[PDB]
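Inspection log for the structure reproduced underneath, given as structure tokens.
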Number of protein chains: 2
Amino acid sequence: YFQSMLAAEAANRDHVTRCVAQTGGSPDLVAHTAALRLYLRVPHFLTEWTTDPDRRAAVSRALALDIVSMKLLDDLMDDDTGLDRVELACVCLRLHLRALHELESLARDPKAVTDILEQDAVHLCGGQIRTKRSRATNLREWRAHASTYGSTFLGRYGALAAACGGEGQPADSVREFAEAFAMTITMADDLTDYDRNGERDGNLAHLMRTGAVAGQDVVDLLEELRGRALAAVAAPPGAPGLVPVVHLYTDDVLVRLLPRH
Amino acid sequence: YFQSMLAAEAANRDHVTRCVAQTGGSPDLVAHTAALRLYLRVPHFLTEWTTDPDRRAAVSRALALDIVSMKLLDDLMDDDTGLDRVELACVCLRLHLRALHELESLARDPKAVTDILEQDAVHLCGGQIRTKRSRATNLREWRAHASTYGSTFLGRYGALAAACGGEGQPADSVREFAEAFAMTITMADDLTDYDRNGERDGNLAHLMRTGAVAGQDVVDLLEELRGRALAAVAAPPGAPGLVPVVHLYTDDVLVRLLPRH
Ligand SMILES: CC(C)=CCC/C(C)=C/COP(=O)(O)OP(=O)(O)O
Ligand SMILES: CC(C)=CCC/C(C)=C/COP(=O)(O)OP(=O)(O)O
């Protein structure tokens, strides 16, 4: 099942790029949203605890919609991309409105969705505002900024994934996996995004390159995140299928990322 | 009651600027969202058909939240403003999430909100994408672009306003008022926004200044929009309180806007 994954990634990549295009997406944007592999695939992982296949394929795409929406919300603020700003915005909002719509139907408690989304919208947002204001300058201090725009971000789709997955789901363990997994990813993004498009202010790669964070710490943490992640997957019932993934990813930062630095 | 209005504008201006600030709003943004008079006031009009005072004050603020959210969504795409992009985005999303949350509680049919929002999200969005792509060059052709980002935009809060206002509301007449009123506003924005911050491509002011639209047509339409608006206010029960407003505004474009051109 390092198949089931790319099949859902293909299925979610299709649903999204079809909403993107039919809304006025340009050939550079449908193309952009189609190439957001990780985002499109992540939903599959968040719904691993979900039993019925259809409802699984269901919530997997719903999440993929809002996740990309959110993504484009970024690209519009970061402003790098080079795509048109007008589209990025509409399409963003479009996709969202939609995810809300579908997620809202796959819910047991309709009111449930808007709950999760609101619960800490202040943390998620004030956290990414301040994150980019007072750029971090040390681990205990980067792992704090990464705990918001990263951990809490995915934490929520984790919760949604659970509120729309169908009763008998380790509600909070799903979230634990989400929040844990998410950070290993952020480190994966920082350790890579320094080399590729030369970055440096607040970056987790720079802070290592200037004795502001010991490589041994980075690792310690990366190893804790696996621990924390693998822990939540076990929680009963348990998501055997994710055990391989958690390793596959954490092992990838360790193997091909941390070495460059 | 050209009082009840500024009192609700003051009440909605407060609710919003308090969410904006507590989320990380900068002193230039809380200041910006506080000065968005029209947006903050419009909700009051959309809930004129609503009987109970509390639920009215209720849905009036809820709408004010998403309306500003949407506004800032713009400012981020237009990109003019000069505020930080990171905030505009977060705060935007914040405010939204919130409006959804409150509106969602003042609903009879929870699922109802996400319905309205989705119903034509493709029209609202594809409409504002294409609107700015193939910039308009004549009335029958500007009044078409204005029929989306403008009419349908407010049409929806109109519908929400009705789905959260409380049974026994001219569901569709509220929307008629919204969509009608909205366009008179857009003309008010174009007829003014040409002089102020020198604009010209697709602008309803330019197209008059180059024989692409006869002033007599502009007026004909402005007069139809009042007709259409005043019509929906009458629809039973009827919103006597809005009759003065509809005039007050349409009469203002006629009196102090159309003359400059
Ligand atoms: C609060 C909001 C609107 C957040 C933006 C959405 C988000 C968390 C994107 C993840 O990007 P990333 O952190 O994985 O990397 P990159 O900066 O390259 O997109
Ligand atoms: C579809 C989206 C996200 C639309 C933006 C929100 C909106 C309709 C703002 C109204 O602005 P306006 O038309 O009254 O004038 P201005 O361009 O000056 O803000």
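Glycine gets a Cβ as well: all are built from the backbone with ideal geometry, and neighbour counts include every protein chain shown. Rule-based calculations on the coordinates, nothing more; no lab input.
The figures follow:
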{"read-out": "Relative contact order, percent, chain A [alpha-carbon distance under 8 Å, six or more residues apart]", "value": "17 percent"}
{"read-out": "For segment A:145-261, size of Cβ-based charge dipole, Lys and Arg +1, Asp and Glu -1, in debye", "value": "120 debye"}
{"read-out": "Only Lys, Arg (+1) and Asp, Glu (-1) charged, at Cβ; chain A dipole about Cα centre in debye", "value": "100 debye"}
{"read-out": "Copies compared at residue A:18 - label distances in nm, ascending, label defined 7 Å from Cα in the Cβ direction", "value": "4.6"}
{"read-out": "Extent along principal axes [Cα atoms of chain A; Å; largest to smallest]", "value": "50, 46, 35"}
{"read-out": "Residue and distance (whole Å) for the chain A Cβ nearest the axis that superposes A on B", "value": "A:110, 2"}
{"read-out": "Mean ellipticity per residue at 222 nm, deg cm²/dmol - from DSSP H runs of n ≥ 4 across chain A, formula -39500 (n - 2.57)", "value": "-21000 deg cm²/dmol"}
{"read-out": "Net dipole in debye of the protein assembly as shown [+1 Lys, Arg Cβ; -1 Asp, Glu Cβ; about Cα centre; nearest 20]", "value": "180 debye"}
{"read-out": "Where the Cα pairs of segment B:87-216 fall when distances are cut into 10 Å bins, in %", "value": "12, 34, 32, 17, 5, 0"}
{"read-out": "Within a Gaussian network of chain B (alpha carbon springs, distance under 10 Å), most fluctuating of B:26, B:60, B:147", "value": "B:26"}
{"read-out": "Given charges at Cβ of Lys, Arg, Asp, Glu: the protein assembly as shown dipole, positive-most of B:185, B:253, B:202", "value": "B:202"}
{"read-out": "For residue B:53, label point 7 Å along C-beta direction: distances to other copies, nm", "value": "6.0"}
{"read-out": "Residues of type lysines that residue A:132 reaches as a straight line, Cα spacing below 21 Å, ignoring anything fewer than 8 places off in the same chain", "value": "A:71"}
{"read-out": "Estimated distance in nm for a label pair at residue A:31 and residue A:219, the labels positioned 7 Å out from Cα along Cα-to-Cβ", "value": "4.2 nm"}
{"read-out": "Exam field: residue A:193 pseudo-label spacings to other copies (7 Å along Cα-Cβ), nanometres", "value": "3.2"}
{"read-out": "The protein assembly as shown - convex hull of the alpha-carbon atoms, volume per residue in Å³", "value": "143 Å³"}
{"read-out": "Gap separating the Cα centres of segment B:150-182 and segment A:144-218, nearest whole Å", "value": "42 Å"}
{"read-out": "Debye log10 I(q)/I(0) for segment A:162-227, one point scatterer per Cα, at q = 0.21, 0.22, 0.23, 0.25 Å⁻¹", "value": "-0.85, -0.90, -0.95, -1.05"}
{"read-out": "Approximate spin-label separation residue A:172-residue B:200, in nm, with each point projected 7 Å along Cα-to-Cβ", "value": "6.4 nm"}
